[PDB]
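Colleague: Here you go, this is entry05.pdb (PDB, C-alpha atoms).
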```pdb
ATOM      1  CA  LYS A   4       0.000   0.000   0.000
ATOM      2  CA  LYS A   5       1.447   3.370  -1.078
ATOM      3  CA  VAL A   6       2.017   6.167   1.458
ATOM      4  CA  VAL A   7       1.289   9.851   0.763
ATOM      5  CA  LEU A   8       2.421  12.559   3.201
ATOM      6  CA  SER A   9       0.558  15.846   3.418
ATOM      7  CA  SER A  10       2.369  18.865   4.810
ATOM      8  CA  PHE A  11      -0.595  19.824   6.987
ATOM      9  CA  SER A  12      -4.141  18.988   8.190
ATOM     10  CA  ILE A  13      -6.152  20.658   5.436
ATOM     11  CA  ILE A  14      -4.213  18.886   2.651
ATOM     12  CA  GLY A  15      -4.353  15.475   4.324
ATOM     13  CA  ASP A  16      -8.140  15.736   4.707
ATOM     14  CA  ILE A  17      -8.533  16.697   1.068
ATOM     15  CA  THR A  18      -6.295  13.763   0.079
ATOM     16  CA  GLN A  19      -8.200  11.327   2.318
ATOM     17  CA  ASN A  20     -11.387  12.242   0.436
ATOM     18  CA  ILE A  21      -9.832  11.593  -2.967
ATOM     19  CA  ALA A  22      -7.917   8.401  -2.049
ATOM     20  CA  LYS A  23     -10.429   6.863   0.336
ATOM     21  CA  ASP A  24      -7.929   4.350   1.773
ATOM     22  CA  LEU A  25      -6.512   3.313  -1.608
ATOM     23  CA  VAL A  26      -3.336   4.800  -0.133
ATOM     24  CA  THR A  27      -2.231   5.557   3.405
ATOM     25  CA  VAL A  28      -2.469   9.299   3.987
ATOM     26  CA  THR A  29      -0.296  10.903   6.603
ATOM     27  CA  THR A  30       0.135  14.453   7.856
ATOM     28  CA  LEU A  31       3.234  16.260   9.082
ATOM     29  CA  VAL A  32       1.775  19.384  10.711
ATOM     30  CA  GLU A  33      -1.168  17.885  12.540
ATOM     31  CA  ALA A  34      -4.297  19.805  13.599
ATOM     32  CA  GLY A  35      -3.437  22.352  16.292
ATOM     33  CA  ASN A  36       0.109  23.080  15.094
ATOM     34  CA  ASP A  37       1.312  25.857  12.810
ATOM     35  CA  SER A  38       3.766  25.486   9.955
ATOM     36  CA  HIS A  39       5.795  28.558  10.937
ATOM     37  CA  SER A  40       8.857  27.149  12.725
ATOM     38  CA  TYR A  41       7.092  23.776  13.315
ATOM     39  CA  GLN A  42       9.541  21.377  14.913
ATOM     40  CA  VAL A  43       9.902  18.294  12.700
ATOM     41  CA  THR A  44      10.397  15.461  15.233
ATOM     42  CA  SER A  45      12.243  12.128  14.923
ATOM     43  CA  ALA A  46       8.948  10.338  14.525
ATOM     44  CA  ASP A  47       8.164  12.831  11.696
ATOM     45  CA  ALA A  48      11.390  11.914   9.917
ATOM     46  CA  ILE A  49      10.049   8.345   9.740
ATOM     47  CA  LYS A  50       6.832   9.688   8.083
ATOM     48  CA  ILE A  51       9.088  11.496   5.620
ATOM     49  CA  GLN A  52      11.074   8.310   4.812
ATOM     50  CA  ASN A  53       7.924   6.224   4.391
ATOM     51  CA  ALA A  54       6.361   8.720   1.921
ATOM     52  CA  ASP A  55       6.060   7.592  -1.701
ATOM     53  CA  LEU A  56       4.658  11.037  -2.468
ATOM     54  CA  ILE A  57       4.751  14.325  -0.552
ATOM     55  CA  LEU A  58       2.064  17.000  -0.945
ATOM     56  CA  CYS A  59       2.832  20.627  -0.012
ATOM     57  CA  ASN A  60       0.870  23.824  -0.314
ATOM     58  CA  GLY A  61       3.728  25.896  -1.708
ATOM     59  CA  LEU A  62       3.239  29.663  -1.399
ATOM     60  CA  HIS A  63       6.081  29.390   1.173
ATOM     61  CA  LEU A  64       3.889  27.749   3.816
ATOM     62  CA  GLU A  65       6.501  25.038   4.318
ATOM     63  CA  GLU A  66       9.575  27.311   4.050
ATOM     64  CA  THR A  67      10.966  26.626   7.552
ATOM     65  CA  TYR A  68      10.764  22.841   7.265
ATOM     66  CA  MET A  69      11.349  22.134   3.562
ATOM     67  CA  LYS A  70      14.942  21.240   4.498
ATOM     68  CA  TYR A  71      13.625  18.062   6.214
ATOM     69  CA  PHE A  72      12.254  16.843   2.845
ATOM     70  CA  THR A  73      15.676  15.484   1.831
ATOM     71  CA  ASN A  74      17.300  12.045   1.897
ATOM     72  CA  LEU A  75      13.920  10.856   0.588
ATOM     73  CA  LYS A  76      12.916   7.429  -0.668
ATOM     74  CA  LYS A  77      14.153   7.059  -4.254
ATOM     75  CA  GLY A  78      11.472   8.192  -6.654
ATOM     76  CA  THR A  79       9.450  10.168  -4.094
ATOM     77  CA  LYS A  80       8.392  13.548  -5.491
ATOM     78  CA  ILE A  81       7.244  16.708  -3.775
ATOM     79  CA  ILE A  82       4.070  18.133  -5.355
ATOM     80  CA  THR A  83       2.853  21.663  -4.761
ATOM     81  CA  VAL A  84      -0.907  21.395  -4.834
ATOM     82  CA  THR A  85      -1.455  25.120  -5.430
ATOM     83  CA  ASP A  86      -0.085  24.876  -9.052
ATOM     84  CA  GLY A  87      -2.195  27.051 -11.413
ATOM     85  CA  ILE A  88      -3.204  29.449  -8.637
ATOM     86  CA  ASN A  89      -2.155  33.008  -9.191
ATOM     87  CA  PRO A  90      -0.498  34.073  -5.922
ATOM     88  CA  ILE A  91      -1.512  37.054  -3.870
ATOM     89  CA  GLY A  92       1.399  38.887  -2.276
ATOM     90  CA  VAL A  93       1.659  39.883   1.390
ATOM     91  CA  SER A  94       2.586  43.514   0.617
ATOM     92  CA  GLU A  95       0.712  46.438  -1.016
ATOM     93  CA  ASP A  96       2.735  46.496  -4.254
ATOM     94  CA  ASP A 100       7.220  42.196  -5.420
ATOM     95  CA  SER A 101       6.696  40.405  -2.092
ATOM     96  CA  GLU A 102       6.292  36.972  -0.480
ATOM     97  CA  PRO A 103       3.166  34.992  -1.416
ATOM     98  CA  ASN A 104       0.150  34.856   0.886
ATOM     99  CA  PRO A 105      -0.207  31.083   1.554
ATOM    100  CA  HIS A 106      -3.999  30.966   2.327
ATOM    101  CA  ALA A 107      -5.143  29.767  -1.130
ATOM    102  CA  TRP A 108      -7.376  26.929   0.143
ATOM    103  CA  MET A 109      -9.897  29.526   1.488
ATOM    104  CA  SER A 110     -11.705  29.794  -1.820
ATOM    105  CA  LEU A 111     -14.361  27.764  -3.569
ATOM    106  CA  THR A 112     -12.587  27.867  -6.961
ATOM    107  CA  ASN A 113      -9.248  26.962  -5.361
ATOM    108  CA  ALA A 114     -10.740  23.998  -3.505
ATOM    109  CA  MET A 115     -11.353  22.600  -7.002
ATOM    110  CA  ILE A 116      -7.721  23.211  -7.992
ATOM    111  CA  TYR A 117      -6.265  21.597  -4.825
ATOM    112  CA  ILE A 118      -8.504  18.596  -5.455
ATOM    113  CA  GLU A 119      -7.581  18.343  -9.133
ATOM    114  CA  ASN A 120      -3.820  18.672  -8.470
ATOM    115  CA  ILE A 121      -4.052  16.045  -5.749
ATOM    116  CA  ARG A 122      -6.038  13.731  -8.101
ATOM    117  CA  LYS A 123      -3.459  14.185 -10.882
ATOM    118  CA  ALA A 124      -0.594  13.261  -8.513
ATOM    119  CA  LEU A 125      -2.308  10.263  -6.860
ATOM    120  CA  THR A 126      -3.122   8.972 -10.344
ATOM    121  CA  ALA A 127       0.517   9.384 -11.509
ATOM    122  CA  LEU A 128       1.603   7.612  -8.264
ATOM    123  CA  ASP A 129      -0.920   4.786  -8.455
ATOM    124  CA  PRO A 130      -2.240   4.568 -12.059
ATOM    125  CA  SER A 131      -3.984   1.200 -11.652
ATOM    126  CA  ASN A 132      -6.587   3.000  -9.495
ATOM    127  CA  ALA A 133      -7.047   5.966 -11.896
ATOM    128  CA  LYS A 134     -10.784   5.345 -12.374
ATOM    129  CA  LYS A 135     -11.355   5.487  -8.642
ATOM    130  CA  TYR A 136      -9.413   8.714  -7.985
ATOM    131  CA  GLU A 137     -11.383  10.288 -10.872
ATOM    132  CA  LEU A 138     -14.730   9.265  -9.362
ATOM    133  CA  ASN A 139     -13.713  10.161  -5.823
ATOM    134  CA  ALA A 140     -12.430  13.580  -6.877
ATOM    135  CA  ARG A 141     -15.611  14.475  -8.734
ATOM    136  CA  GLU A 142     -17.807  13.451  -5.840
ATOM    137  CA  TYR A 143     -15.721  15.425  -3.340
ATOM    138  CA  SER A 144     -15.782  18.492  -5.565
ATOM    139  CA  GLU A 145     -19.576  18.255  -5.921
ATOM    140  CA  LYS A 146     -19.852  17.697  -2.164
ATOM    141  CA  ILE A 147     -17.791  20.888  -1.554
ATOM    142  CA  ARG A 148     -19.743  22.880  -4.128
ATOM    143  CA  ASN A 149     -23.118  21.817  -2.733
ATOM    144  CA  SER A 150     -22.203  22.873   0.811
ATOM    145  CA  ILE A 151     -20.480  26.159  -0.106
ATOM    146  CA  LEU A 152     -22.234  27.626  -3.146
ATOM    147  CA  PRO A 153     -25.375  28.516  -1.145
ATOM    148  CA  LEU A 154     -23.208  30.500   1.272
ATOM    149  CA  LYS A 155     -21.576  32.253  -1.687
ATOM    150  CA  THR A 156     -24.973  32.983  -3.213
ATOM    151  CA  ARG A 157     -26.056  34.711  -0.059
ATOM    152  CA  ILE A 158     -22.731  36.578   0.220
ATOM    153  CA  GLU A 159     -23.222  37.926  -3.301
ATOM    154  CA  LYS A 160     -26.505  39.632  -2.295
ATOM    155  CA  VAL A 161     -24.494  42.288  -0.369
ATOM    156  CA  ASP A 162     -24.222  45.652  -2.231
ATOM    157  CA  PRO A 163     -20.732  46.390  -3.621
ATOM    158  CA  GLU A 164     -20.040  49.244  -1.169
ATOM    159  CA  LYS A 165     -20.600  47.029   1.880
ATOM    160  CA  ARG A 166     -18.348  44.045   1.031
ATOM    161  CA  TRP A 167     -15.349  43.823   3.335
ATOM    162  CA  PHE A 168     -13.646  40.830   4.897
ATOM    163  CA  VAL A 169     -11.879  42.205   8.014
ATOM    164  CA  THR A 170      -9.690  39.694   9.867
ATOM    165  CA  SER A 171      -6.663  39.550  12.219
ATOM    166  CA  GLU A 172      -4.403  37.451   9.938
ATOM    167  CA  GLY A 173      -4.695  38.110   6.212
ATOM    168  CA  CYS A 174      -6.352  34.704   5.827
ATOM    169  CA  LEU A 175      -9.224  35.651   3.443
ATOM    170  CA  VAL A 176      -7.409  37.517   0.624
ATOM    171  CA  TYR A 177      -8.121  34.626  -1.784
ATOM    172  CA  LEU A 178     -11.765  34.240  -0.707
ATOM    173  CA  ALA A 179     -12.078  38.007  -1.255
ATOM    174  CA  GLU A 180     -10.822  37.657  -4.755
ATOM    175  CA  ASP A 181     -12.890  34.533  -5.436
ATOM    176  CA  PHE A 182     -16.146  36.164  -4.320
ATOM    177  CA  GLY A 183     -15.378  39.745  -5.306
ATOM    178  CA  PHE A 184     -14.819  41.392  -1.902
ATOM    179  CA  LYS A 185     -11.948  43.495  -0.602
ATOM    180  CA  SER A 186     -10.001  42.229   2.410
ATOM    181  CA  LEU A 187      -8.747  44.273   5.355
ATOM    182  CA  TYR A 188      -6.503  42.826   8.074
ATOM    183  CA  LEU A 189      -3.973  43.537  10.838
ATOM    184  CA  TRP A 190      -1.023  41.353   9.745
ATOM    185  CA  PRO A 191      -0.439  39.267   6.610
ATOM    186  CA  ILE A 192       0.706  36.013   8.261
ATOM    187  CA  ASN A 193       0.690  34.821  11.910
ATOM    188  CA  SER A 194       4.224  35.763  13.170
ATOM    189  CA  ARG A 198       2.494  42.098  14.089
ATOM    190  CA  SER A 199       3.181  45.789  13.342
ATOM    191  CA  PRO A 200       1.617  49.046  14.579
ATOM    192  CA  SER A 201       1.370  50.706  11.099
ATOM    193  CA  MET A 202      -1.015  48.068   9.782
ATOM    194  CA  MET A 203      -3.125  48.286  12.954
ATOM    195  CA  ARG A 204      -3.279  52.075  12.347
ATOM    196  CA  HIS A 205      -4.059  51.496   8.637
ATOM    197  CA  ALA A 206      -6.912  49.072   9.403
ATOM    198  CA  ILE A 207      -8.516  51.403  11.935
ATOM    199  CA  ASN A 208      -8.444  54.188   9.369
ATOM    200  CA  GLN A 209      -9.854  52.061   6.570
ATOM    201  CA  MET A 210     -12.546  50.676   8.887
ATOM    202  CA  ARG A 211     -13.709  54.144   9.894
ATOM    203  CA  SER A 212     -13.678  55.499   6.316
ATOM    204  CA  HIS A 213     -15.716  52.564   4.949
ATOM    205  CA  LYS A 214     -17.789  52.293   8.131
ATOM    206  CA  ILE A 215     -16.957  48.624   8.551
ATOM    207  CA  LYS A 216     -19.103  46.886  11.118
ATOM    208  CA  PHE A 217     -17.177  43.713  12.054
ATOM    209  CA  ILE A 218     -13.683  42.306  12.569
ATOM    210  CA  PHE A 219     -12.780  38.640  13.178
ATOM    211  CA  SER A 220      -9.977  36.759  14.871
ATOM    212  CA  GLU A 221      -9.026  33.211  14.058
ATOM    213  CA  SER A 222      -8.574  29.888  15.824
ATOM    214  CA  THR A 223      -4.793  29.837  16.032
ATOM    215  CA  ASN A 224      -4.226  33.491  17.026
ATOM    216  CA  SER A 225      -5.184  35.978  19.741
ATOM    217  CA  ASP A 226      -8.487  37.840  19.762
ATOM    218  CA  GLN A 227      -6.979  40.772  21.737
ATOM    219  CA  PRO A 228      -5.991  42.905  18.738
ATOM    220  CA  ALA A 229      -9.318  42.401  16.886
ATOM    221  CA  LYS A 230     -11.223  43.315  20.048
ATOM    222  CA  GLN A 231      -9.058  46.383  20.588
ATOM    223  CA  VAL A 232      -9.506  47.516  16.977
ATOM    224  CA  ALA A 233     -13.261  46.882  17.260
ATOM    225  CA  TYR A 234     -13.351  49.362  20.161
ATOM    226  CA  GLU A 235     -11.228  51.958  18.422
ATOM    227  CA  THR A 236     -13.422  51.868  15.296
ATOM    228  CA  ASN A 237     -16.821  51.403  16.930
ATOM    229  CA  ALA A 238     -17.166  48.120  15.000
ATOM    230  CA  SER A 239     -18.054  44.826  16.658
ATOM    231  CA  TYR A 240     -15.864  41.848  17.338
ATOM    232  CA  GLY A 241     -17.245  39.155  15.005
ATOM    233  CA  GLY A 242     -15.837  36.080  16.802
ATOM    234  CA  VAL A 243     -13.415  33.289  15.791
ATOM    235  CA  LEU A 244     -12.924  31.832  12.277
ATOM    236  CA  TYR A 245     -11.180  28.549  11.339
ATOM    237  CA  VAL A 246      -8.618  29.099   8.567
ATOM    238  CA  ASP A 247      -5.070  27.856   9.376
ATOM    239  CA  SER A 248      -5.729  24.389  10.771
ATOM    240  CA  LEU A 249      -8.484  21.860  11.067
ATOM    241  CA  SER A 250     -10.015  21.744  14.495
ATOM    242  CA  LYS A 251      -9.715  18.776  16.793
ATOM    243  CA  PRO A 252     -12.400  16.100  16.010
ATOM    244  CA  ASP A 253     -14.895  17.400  18.615
ATOM    245  CA  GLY A 254     -14.440  20.913  17.252
ATOM    246  CA  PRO A 255     -16.506  22.631  14.640
ATOM    247  CA  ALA A 256     -14.025  22.253  11.718
ATOM    248  CA  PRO A 257     -12.652  18.709  11.766
ATOM    249  CA  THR A 258     -12.529  18.467   7.962
ATOM    250  CA  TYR A 259     -11.717  20.844   5.084
ATOM    251  CA  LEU A 260     -15.373  20.937   3.975
ATOM    252  CA  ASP A 261     -16.438  21.707   7.556
ATOM    253  CA  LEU A 262     -13.787  24.420   7.814
ATOM    254  CA  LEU A 263     -14.963  26.187   4.653
ATOM    255  CA  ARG A 264     -18.572  25.809   5.786
ATOM    256  CA  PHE A 265     -18.066  26.974   9.318
ATOM    257  CA  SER A 266     -16.073  30.063   8.451
ATOM    258  CA  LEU A 267     -18.125  31.217   5.454
ATOM    259  CA  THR A 268     -21.305  30.549   7.488
ATOM    260  CA  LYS A 269     -19.982  32.678  10.340
ATOM    261  CA  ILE A 270     -19.012  35.439   7.931
ATOM    262  CA  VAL A 271     -22.330  35.413   6.105
ATOM    263  CA  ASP A 272     -24.386  35.358   9.366
ATOM    264  CA  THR A 273     -22.359  38.403  10.433
ATOM    265  CA  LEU A 274     -22.969  40.352   7.180
ATOM    266  CA  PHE A 275     -26.753  39.928   7.616
TER     267      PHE A 275
END
```
Translate this structure into C-alpha cells?
Modeller:
Amino acid sequence: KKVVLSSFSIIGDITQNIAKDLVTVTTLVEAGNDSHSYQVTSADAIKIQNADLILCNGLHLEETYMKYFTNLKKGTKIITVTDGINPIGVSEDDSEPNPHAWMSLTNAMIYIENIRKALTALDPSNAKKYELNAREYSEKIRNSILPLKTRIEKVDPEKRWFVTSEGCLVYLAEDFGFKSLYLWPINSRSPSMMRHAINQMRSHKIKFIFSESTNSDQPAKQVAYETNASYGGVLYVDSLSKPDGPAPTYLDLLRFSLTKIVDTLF
C-alpha cells in the first residue's frame, strides 16, 4: 500500500477524500500546530522516509521545514498542490506569497484536481477510482459552499469587506469579489497596519472584525473598540479543528467560516 504525506491537516483531509484508503495518507503538521517554525520530530522523519509522495501547499507555507524533505525514498516527489493558482502577495505592491489559497471555492477545485493528478501518476492502476472520488468530493464541496456564496453575493458592492486579524481571506475576497482588510499578513504584528486598518474601517464604516482559531483575539477586540465596529468572533482558517471541534474536515472548515461570515454580514 502506497504512502502519501501531506504537509498539513487541510491537505491530508482533502487527500483522504480523494484516495479513500486506496493509499495511506499521513500528515506532518497535525491539527493544532502551525507550519511557521514547526519542529519536525524524529517520529516525523520516519513519516518522511515512508512517503512515496509528498504533498505541499507551496506559497512558502513550508519554508521553515522544507529542508527536512531530503534524503527521501528514491522516486518520491514533492508536489505543490497550489499549481495554477495566481499568488496574492503579502505587501501592497514584489513580495512573499500569501499562503492561504485553500480559502476559496474555486481553489478547492484546484487543490482537489492537483491532488487527483498526482495520486493517479503515483498509483495509475486506481485511476478510475481517484477520478470518481475527486468528482464526488468536488460536488460535495460545491453543494455545501455555493449557497453561502450565493447569499454573500446579495451584499451591495459598497458594503463588502472581509476584516480579519491574519490576512487569511485575501483569496476568498478575490474569489467572491470582496476586498479584504486585516492587521497582519501572516501569523508571526506591526503598529502601522493596525493604524491602517482602523483608518480604513472608519472610512468605509466597517461593522465587524474577526480573529481566528490559532491566534489571539486581543488585537481584533481592541480595533473593534477603536473603530466602533463589533468583534465578530473566531474563524477557522489555518488548521483543522480537533475532532470534537466545529471544523474537523476541510469541507467543515470552509462551511463553518463562510457561514460565520455570512451570518455576520446579515
Colleague: Using all atoms listed in the file, which protein or nucleic acid residues come within 9 Å of range 164-178 of chain A? Drop anything in the same chain fewer than 2 positions from it, and give the result as a PyMOL selection string.
Modeller: chain A and resi 90-91+93+104-113+158-159+161-162+180-193+206+210+213-215+217-221+224-226+228-229+244+246-247+270+274
Colleague: Could those residues be written to a file, using C-alpha atoms, as a tab-separated table (two decimals), in the coordinates of the input?
Modeller:
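The file below, again07.tsv, is the result:
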```
chain	number	residue	atom	x	y	z
A	90	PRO	CA	-0.50	34.07	-5.92
A	91	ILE	CA	-1.51	37.05	-3.87
A	93	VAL	CA	1.66	39.88	1.39
A	104	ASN	CA	0.15	34.86	0.89
A	105	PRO	CA	-0.21	31.08	1.55
A	106	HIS	CA	-4.00	30.97	2.33
A	107	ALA	CA	-5.14	29.77	-1.13
A	108	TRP	CA	-7.38	26.93	0.14
A	109	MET	CA	-9.90	29.53	1.49
A	110	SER	CA	-11.70	29.79	-1.82
A	111	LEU	CA	-14.36	27.76	-3.57
A	112	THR	CA	-12.59	27.87	-6.96
A	113	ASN	CA	-9.25	26.96	-5.36
A	158	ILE	CA	-22.73	36.58	0.22
A	159	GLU	CA	-23.22	37.93	-3.30
A	161	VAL	CA	-24.49	42.29	-0.37
A	162	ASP	CA	-24.22	45.65	-2.23
A	180	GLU	CA	-10.82	37.66	-4.76
A	181	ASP	CA	-12.89	34.53	-5.44
A	182	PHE	CA	-16.15	36.16	-4.32
A	183	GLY	CA	-15.38	39.74	-5.31
A	184	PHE	CA	-14.82	41.39	-1.90
A	185	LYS	CA	-11.95	43.50	-0.60
A	186	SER	CA	-10.00	42.23	2.41
A	187	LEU	CA	-8.75	44.27	5.36
A	188	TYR	CA	-6.50	42.83	8.07
A	189	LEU	CA	-3.97	43.54	10.84
A	190	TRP	CA	-1.02	41.35	9.74
A	191	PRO	CA	-0.44	39.27	6.61
A	192	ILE	CA	0.71	36.01	8.26
A	193	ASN	CA	0.69	34.82	11.91
A	206	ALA	CA	-6.91	49.07	9.40
A	210	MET	CA	-12.55	50.68	8.89
A	213	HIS	CA	-15.72	52.56	4.95
A	214	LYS	CA	-17.79	52.29	8.13
A	215	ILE	CA	-16.96	48.62	8.55
A	217	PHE	CA	-17.18	43.71	12.05
A	218	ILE	CA	-13.68	42.31	12.57
A	219	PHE	CA	-12.78	38.64	13.18
A	220	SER	CA	-9.98	36.76	14.87
A	221	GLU	CA	-9.03	33.21	14.06
A	224	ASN	CA	-4.23	33.49	17.03
A	225	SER	CA	-5.18	35.98	19.74
A	226	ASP	CA	-8.49	37.84	19.76
A	228	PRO	CA	-5.99	42.90	18.74
A	229	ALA	CA	-9.32	42.40	16.89
A	244	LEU	CA	-12.92	31.83	12.28
A	246	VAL	CA	-8.62	29.10	8.57
A	247	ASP	CA	-5.07	27.86	9.38
A	270	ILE	CA	-19.01	35.44	7.93
A	274	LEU	CA	-22.97	40.35	7.18
```
Colleague: When the PyMOL selection byres ((chain A and resi 74) around 12) is applied to the structure above, which residues does it catch, written out as a PDB file with C-alpha atoms, in the coordinates of the input?
Modeller:
```pdb
ATOM      1  CA  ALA A  48      11.390  11.914   9.917  1.00  0.00           C
ATOM      2  CA  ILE A  49      10.049   8.345   9.740  1.00  0.00           C
ATOM      3  CA  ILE A  51       9.088  11.496   5.620  1.00  0.00           C
ATOM      4  CA  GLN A  52      11.074   8.310   4.812  1.00  0.00           C
ATOM      5  CA  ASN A  53       7.924   6.224   4.391  1.00  0.00           C
ATOM      6  CA  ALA A  54       6.361   8.720   1.921  1.00  0.00           C
ATOM      7  CA  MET A  69      11.349  22.134   3.562  1.00  0.00           C
ATOM      8  CA  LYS A  70      14.942  21.240   4.498  1.00  0.00           C
ATOM      9  CA  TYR A  71      13.625  18.062   6.214  1.00  0.00           C
ATOM     10  CA  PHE A  72      12.254  16.843   2.845  1.00  0.00           C
ATOM     11  CA  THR A  73      15.676  15.484   1.831  1.00  0.00           C
ATOM     12  CA  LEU A  75      13.920  10.856   0.588  1.00  0.00           C
ATOM     13  CA  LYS A  76      12.916   7.429  -0.668  1.00  0.00           C
ATOM     14  CA  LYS A  77      14.153   7.059  -4.254  1.00  0.00           C
ATOM     15  CA  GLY A  78      11.472   8.192  -6.654  1.00  0.00           C
ATOM     16  CA  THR A  79       9.450  10.168  -4.094  1.00  0.00           C
ATOM     17  CA  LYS A  80       8.392  13.548  -5.491  1.00  0.00           C
TER      18      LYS A  80
END
```
Colleague: Each residue of range 60-174 of chain A with at least one atom at most 10 Å from range 20-23 of chain A should appear once, together with its nearest atom pair and the corresponding distance in Å (one decimal); atoms considered: all atoms listed in the file; ordering: chain, then increasing residue number; output as a tab-separated table.
Modeller:
```
residue	atom	partner	partner_atom	distance
A:118	CA	A:21	CA	7.5
A:119	CA	A:21	CA	9.4
A:121	CA	A:21	CA	7.8
A:122	CA	A:21	CA	6.7
A:125	CA	A:22	CA	7.6
A:126	CA	A:22	CA	9.6
A:132	CA	A:22	CA	9.3
A:135	CA	A:22	CA	8.0
A:136	CA	A:21	CA	5.8
A:137	CA	A:21	CA	8.2
A:138	CA	A:21	CA	8.4
A:139	CA	A:21	CA	5.0
A:140	CA	A:21	CA	5.1
A:141	CA	A:21	CA	8.7
A:142	CA	A:21	CA	8.7
A:143	CA	A:20	CA	6.6
A:144	CA	A:21	CA	9.5
```
Colleague: Report, in Å to a single decimal, how far apart CA of residue 47 in chain A and CA of residue 32 in chain A are.
Modeller: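 Computing the Euclidean distance for CA of residue 32 in chain A and CA of residue 47 in chain A yields 9.2 Å.
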Colleague: Calculate how many Å separate CA of residue 130 in chain A from CA of residue 11 in chain A, rounding to one decimal.
Modeller: 24.5 Å
Colleague: Could you give me, as a PyMOL selection string, the residues that have an atom at most 9 Å away from the point (-2.6, 23.3, 13.3) in the coordinates of the file, using all atoms listed in the file?
Modeller: chain A and resi 11-12+32-38+223+247-250
Colleague: Point out the residue among A:238, A:152, A:59, A:13 with the least atom-to-atom distance to residue 268 in chain A, counting only C-alpha atoms.
Modeller: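 Looking at the shortest contact to residue 268 in chain A, the residue is A:152.
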Colleague: Since I can't run it myself right now, could you work out what the PyMOL selection byres ((chain A and resi 39) around 8) selects here and report it as a list in words?
Modeller: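 That expression, the PyMOL selection byres ((chain A and resi 39) around 8), corresponds here to residues 37, 38, 40, 41, 64, 65, 66, 67 and 194 of chain A.
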Colleague: Measuring between all atoms listed in the file, which one of A:129, A:16, A:272, A:253 shows the shortest distance to residue 155 in chain A?
Modeller: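 Answer, going by the shortest atom-to-atom distance: A:272.
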Colleague: Do you know which residues the PyMOL selection byres ((chain A and resi 86) around 9) returns on this file, as a PyMOL selection string?
Modeller: chain A and resi 60-61+82-85+87-89+116-117+120
Colleague: Restore N, CA, C and O atoms in range 48-60 of chain A and list the result as a short mmCIF file (atom, residue, chain, number, x, y, z; two decimals), keeping the file's coordinate frame.
Modeller:
```cif
data_model
loop_
_atom_site.label_atom_id
_atom_site.label_comp_id
_atom_site.auth_asym_id
_atom_site.auth_seq_id
_atom_site.Cartn_x
_atom_site.Cartn_y
_atom_site.Cartn_z
N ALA A 48 10.40 12.31 10.90
CA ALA A 48 11.39 11.91 9.92
C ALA A 48 11.08 10.52 9.36
O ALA A 48 11.37 10.22 8.19
N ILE A 49 10.50 9.66 10.21
CA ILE A 49 10.05 8.35 9.74
C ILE A 49 8.90 8.52 8.71
O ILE A 49 8.93 7.93 7.64
N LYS A 50 7.92 9.37 9.02
CA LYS A 50 6.83 9.69 8.08
C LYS A 50 7.41 10.14 6.75
O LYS A 50 6.95 9.71 5.68
N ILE A 51 8.43 10.99 6.81
CA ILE A 51 9.09 11.50 5.62
C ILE A 51 9.76 10.39 4.82
O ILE A 51 9.59 10.34 3.59
N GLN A 52 10.46 9.48 5.50
CA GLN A 52 11.07 8.31 4.81
C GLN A 52 10.05 7.37 4.19
O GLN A 52 10.25 6.89 3.08
N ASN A 53 8.98 7.09 4.91
CA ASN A 53 7.92 6.22 4.39
C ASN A 53 7.15 6.79 3.20
O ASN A 53 6.58 6.02 2.42
N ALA A 54 7.09 8.12 3.05
CA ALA A 54 6.36 8.72 1.92
C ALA A 54 6.84 8.23 0.56
O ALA A 54 8.04 8.18 0.28
N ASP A 55 5.86 7.85 -0.27
CA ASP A 55 6.06 7.59 -1.70
C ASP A 55 5.76 8.86 -2.52
O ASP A 55 6.15 9.00 -3.69
N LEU A 56 5.05 9.78 -1.88
CA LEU A 56 4.66 11.04 -2.47
C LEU A 56 4.47 12.04 -1.34
O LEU A 56 3.93 11.69 -0.29
N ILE A 57 4.92 13.28 -1.55
CA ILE A 57 4.75 14.32 -0.55
C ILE A 57 3.99 15.50 -1.16
O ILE A 57 4.37 16.00 -2.21
N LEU A 58 2.95 15.95 -0.47
CA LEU A 58 2.06 17.00 -0.94
C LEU A 58 2.22 18.27 -0.10
O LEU A 58 1.94 18.26 1.08
N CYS A 59 2.69 19.34 -0.70
CA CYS A 59 2.83 20.63 -0.01
C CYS A 59 1.88 21.64 -0.61
O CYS A 59 1.38 21.46 -1.71
N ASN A 60 1.65 22.70 0.14
CA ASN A 60 0.87 23.82 -0.31
C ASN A 60 1.66 24.68 -1.30
O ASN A 60 1.09 25.22 -2.23
#
```
